[PDB]
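Here the structure is laid out as structure tokens; the discussion comes afterwards.
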Amino acid sequence: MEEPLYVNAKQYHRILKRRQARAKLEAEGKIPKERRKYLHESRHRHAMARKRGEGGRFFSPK
Amino acid sequence: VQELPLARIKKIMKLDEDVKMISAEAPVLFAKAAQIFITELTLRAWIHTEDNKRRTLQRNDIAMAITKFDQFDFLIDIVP
Amino acid sequence: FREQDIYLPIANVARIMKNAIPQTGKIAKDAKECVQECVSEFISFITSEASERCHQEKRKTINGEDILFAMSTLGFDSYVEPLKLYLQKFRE
DNA sequence: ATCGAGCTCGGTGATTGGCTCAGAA
DNA sequence: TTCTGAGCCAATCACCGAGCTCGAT
């Protein structure tokens with residue numbers, strides 16, 4: 001991961017420092033390495049709870 | 001009419017420790033900028049979907065737009 | 001750091017994505033996930049230039065001019081007016 | 001004076017998964 | 001062809017925005 005003027009001239013130097021910023025966050029802080037299947041325990045329990053119509057969809061009146 | 005969470009745009013800017021106070025107008029500009037960005041990225045990627053005769057836009061469609069436009073050069077180590 | 005703390009909501013992103021295309025069209029999940037990452041990089045990218053130019057002028061608050069200037073600097077000079085325009089129909 | 005960080009609070013749309021067949025392969 | 005994976009529904013609740021107080025420029 002590295003290159004010189006083989007990228008937008010205008011943009012070059014920023015990309016560079018932003019590489020630094022991330023390489024920091026990675027090294028130290030917390031950048032989630034992988035995506036979670038769901039985001040909130042409760043919205044999962046609620047989606048699991050909902051009555052479902054035909055086709056695995058939610059429902060609607062009749 | 002369109003929208004995007006202003007609060008979230010902020011939360012994202014403020015990931016940087018160098019970035020301390022932020023004006024009100026800023027996220028508001030960014031809402032629209034991101035909107036134009038997301039809009040004109042997708043637009044470009046879809047060409048590559050139609051080129052290939054698919055009806056589903058996919059990750060690699062995207063990478064193929066990034067590589068074909070200088071203005072998007074800054075996403076290189078975002079999408080390998 | 002949670003996902004909700006560092007990306008725009010996915011459905012907000014898809015919504016817009018879906019507008020950009022044939023109404024009949026489809027979009028991969030991995031596609032949406034991807035733009036979502038990008039847009040977050042785009043946000044951060046303009047900022048670090050703005051933060052540079054904004055602290056370079058001995059100020060402490062990133063404002064309107066800052067962004068727009070950063071955008072000219074990085075080749076988004078095309079976005080500049082339509083924002084300005086859209087910047088006169090929401091403020092006072 | 002103005003203009004932002006950081007609370008709190010209440011109103012609301014993003015989040016969510018199973019079945020089906022577009023459509024990627 | 002085979003068979004993987006996106007769209008489709010709408011009810012809860014985390015998060016957003018509109019009010020605040022306070023301390024800075």
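Letters A, B, ... mark the chains of the structure tokens in the order given; residue numbers begin at 1 per chain; ligand numbers begin at 1, in order shown.
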
Find the residues near residue 3 in chain B: any atom within 8 Å, counting only C-alpha atoms (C1' of nucleotides), skip ones fewer than 2 places away on the same chain, and give them as a list in words.
residues 1, 5 and 31 of chain B

Only residues of chain A matter here; which ones have an atom within 8 Å of chain D, counting only C-alpha atoms (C1' of nucleotides)? Give them as a PyMOL selection string.
chain A and resi 43-44+46-48+55-57

For N, CA and C atoms, I'd like the residues from the last selection saved as a compact mmCIF listing (two decimals), in the first residue's frame.
# COMPACT_ATOMS: atom_id res chain seq x y z
N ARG A 43 -34.15 -5.03 18.40
CA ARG A 43 -34.68 -5.13 17.04
C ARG A 43 -34.57 -6.53 16.43
N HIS A 44 -33.72 -7.35 17.00
CA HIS A 44 -33.60 -8.68 16.50
C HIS A 44 -34.74 -9.48 17.10
N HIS A 46 -37.50 -8.44 18.17
CA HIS A 46 -38.78 -7.92 17.69
C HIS A 46 -39.08 -8.42 16.29
N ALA A 47 -38.04 -8.52 15.46
CA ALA A 47 -38.19 -9.03 14.10
C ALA A 47 -38.50 -10.50 14.17
N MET A 48 -37.94 -11.15 15.18
CA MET A 48 -38.16 -12.55 15.35
C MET A 48 -39.55 -12.81 15.88
N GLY A 55 -45.53 -15.68 2.15
CA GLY A 55 -44.32 -15.23 1.45
C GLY A 55 -43.23 -14.78 2.40
N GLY A 56 -43.39 -15.07 3.69
CA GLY A 56 -42.42 -14.64 4.68
C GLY A 56 -42.39 -13.15 4.97
N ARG A 57 -43.28 -12.40 4.32
CA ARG A 57 -43.48 -10.96 4.58
C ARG A 57 -44.24 -10.78 5.92

Shell around residue 36 in chain C at 9 Å using only C-alpha atoms (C1' of nucleotides), local window under 6 positions removed, as a VMD selection string
(chain B and resid 38) or (chain C and resid 7 to 10 13 to 14)

Can you write out the residues you just picked, keeping N, CA and C atoms, as an mmCIF file, in the first residue's frame?
data_model
loop_
_atom_site.group_PDB
_atom_site.id
_atom_site.type_symbol
_atom_site.label_atom_id
_atom_site.label_comp_id
_atom_site.auth_asym_id
_atom_site.auth_seq_id
_atom_site.Cartn_x
_atom_site.Cartn_y
_atom_site.Cartn_z
ATOM 1 N N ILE B 38 -23.075 9.925 -3.205
ATOM 2 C CA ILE B 38 -23.703 8.651 -3.295
ATOM 3 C C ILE B 38 -24.456 8.567 -4.606
ATOM 4 N N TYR C 7 -21.073 5.028 10.376
ATOM 5 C CA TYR C 7 -21.652 5.014 9.044
ATOM 6 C C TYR C 7 -23.007 5.609 9.074
ATOM 7 N N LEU C 8 -23.417 6.094 7.921
ATOM 8 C CA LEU C 8 -24.789 6.536 7.756
ATOM 9 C C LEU C 8 -25.715 5.330 7.733
ATOM 10 N N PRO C 9 -26.979 5.517 8.119
ATOM 11 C CA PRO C 9 -27.836 4.364 8.138
ATOM 12 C C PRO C 9 -27.893 3.762 6.755
ATOM 13 N N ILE C 10 -27.893 2.440 6.711
ATOM 14 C CA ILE C 10 -27.805 1.757 5.433
ATOM 15 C C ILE C 10 -29.041 2.019 4.597
ATOM 16 N N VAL C 13 -28.884 5.129 2.901
ATOM 17 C CA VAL C 13 -27.994 5.076 1.790
ATOM 18 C C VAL C 13 -28.633 4.370 0.604
ATOM 19 N N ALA C 14 -29.277 3.234 0.867
ATOM 20 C CA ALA C 14 -29.853 2.466 -0.226
ATOM 21 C C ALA C 14 -30.884 3.338 -0.924
#

With only C-alpha atoms (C1' of nucleotides) considered, list every residue of chain B at most 12 Å from chain E, as a PyMOL selection string.
chain B and resi 3-11+21+55-58

What would the file look like if the residues just selected were written as a JSON list (two decimals), in the first residue's frame with N, CA, C and O atoms?
[["chain", "number", "residue", "atom", "x", "y", "z"],
["B", 3, "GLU", "N", -32.84, 14.15, 2.94],
["B", 3, "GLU", "CA", -32.46, 14.22, 4.32],
["B", 3, "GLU", "C", -31.37, 13.22, 4.47],
["B", 3, "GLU", "O", -31.20, 12.34, 3.63],
["B", 4, "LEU", "N", -30.63, 13.36, 5.57],
["B", 4, "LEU", "CA", -29.74, 12.39, 6.15],
["B", 4, "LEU", "C", -29.43, 12.84, 7.56],
["B", 4, "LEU", "O", -29.36, 14.01, 7.82],
["B", 5, "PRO", "N", -29.26, 11.94, 8.48],
["B", 5, "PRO", "CA", -29.06, 12.38, 9.84],
["B", 5, "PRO", "C", -27.89, 13.34, 10.00],
["B", 5, "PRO", "O", -26.74, 12.99, 9.70],
["B", 6, "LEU", "N", -28.21, 14.54, 10.46],
["B", 6, "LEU", "CA", -27.20, 15.55, 10.63],
["B", 6, "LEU", "C", -26.32, 15.12, 11.76],
["B", 6, "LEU", "O", -25.11, 15.26, 11.70],
["B", 7, "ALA", "N", -26.95, 14.58, 12.80],
["B", 7, "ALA", "CA", -26.24, 14.18, 14.00],
["B", 7, "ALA", "C", -25.16, 13.16, 13.64],
["B", 7, "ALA", "O", -24.06, 13.19, 14.17],
["B", 8, "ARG", "N", -25.47, 12.30, 12.69],
["B", 8, "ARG", "CA", -24.55, 11.23, 12.36],
["B", 8, "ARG", "C", -23.39, 11.70, 11.52],
["B", 8, "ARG", "O", -22.26, 11.26, 11.73],
["B", 9, "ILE", "N", -23.67, 12.56, 10.55],
["B", 9, "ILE", "CA", -22.65, 13.25, 9.78],
["B", 9, "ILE", "C", -21.63, 13.91, 10.73],
["B", 9, "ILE", "O", -20.41, 13.86, 10.53],
["B", 10, "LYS", "N", -22.13, 14.51, 11.78],
["B", 10, "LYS", "CA", -21.26, 15.13, 12.73],
["B", 10, "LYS", "C", -20.44, 14.03, 13.39],
["B", 10, "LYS", "O", -19.21, 14.11, 13.44],
["B", 11, "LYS", "N", -21.10, 12.98, 13.87],
["B", 11, "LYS", "CA", -20.40, 12.00, 14.71],
["B", 11, "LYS", "C", -19.19, 11.49, 13.95],
["B", 11, "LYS", "O", -18.16, 11.18, 14.55],
["B", 21, "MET", "N", -14.40, 21.95, 17.24],
["B", 21, "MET", "CA", -15.71, 22.59, 17.09],
["B", 21, "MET", "C", -16.16, 22.63, 15.64],
["B", 21, "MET", "O", -15.34, 22.78, 14.75],
["B", 55, "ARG", "N", -28.64, -7.12, -14.03],
["B", 55, "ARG", "CA", -29.66, -6.22, -13.54],
["B", 55, "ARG", "C", -29.43, -5.90, -12.06],
["B", 55, "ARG", "O", -30.13, -5.08, -11.47],
["B", 56, "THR", "N", -28.43, -6.55, -11.49],
["B", 56, "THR", "CA", -28.00, -6.27, -10.13],
["B", 56, "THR", "C", -26.66, -5.53, -10.08],
["B", 56, "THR", "O", -25.66, -6.00, -10.61],
["B", 57, "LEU", "N", -26.65, -4.38, -9.43],
["B", 57, "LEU", "CA", -25.42, -3.63, -9.18],
["B", 57, "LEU", "C", -24.67, -4.31, -8.07],
["B", 57, "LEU", "O", -25.30, -4.67, -7.09],
["B", 58, "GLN", "N", -23.35, -4.47, -8.18],
["B", 58, "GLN", "CA", -22.58, -5.22, -7.17],
["B", 58, "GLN", "C", -21.29, -4.53, -6.77],
["B", 58, "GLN", "O", -20.89, -3.56, -7.39]]

Find the residues around range 11-24 of chain A up to 12 Å (only C-alpha atoms (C1' of nucleotides) counted), leave out those fewer than 3 positions away in its own chain, and share them as a ChimeraX atom specification.
/A:1-8,27-31 /B:15-18,70-78 /C:41-53,70-76

Using only C-alpha atoms (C1' of nucleotides) and a distance of at most 9 Å, pull out the residues of chain C that contact chain E, as a ChimeraX atom specification.
/C:26-29

Pull C-alpha atoms from the residues just selected and write them as an mmCIF file, in the first residue's frame.
data_model
loop_
_atom_site.group_PDB
_atom_site.id
_atom_site.type_symbol
_atom_site.label_atom_id
_atom_site.label_comp_id
_atom_site.auth_asym_id
_atom_site.auth_seq_id
_atom_site.Cartn_x
_atom_site.Cartn_y
_atom_site.Cartn_z
ATOM 1 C CA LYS C 26 -31.505 -4.247 -8.158
ATOM 2 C CA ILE C 27 -28.660 -3.740 -5.710
ATOM 3 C CA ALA C 28 -26.439 -6.170 -3.877
ATOM 4 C CA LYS C 29 -26.201 -5.954 -0.086
#
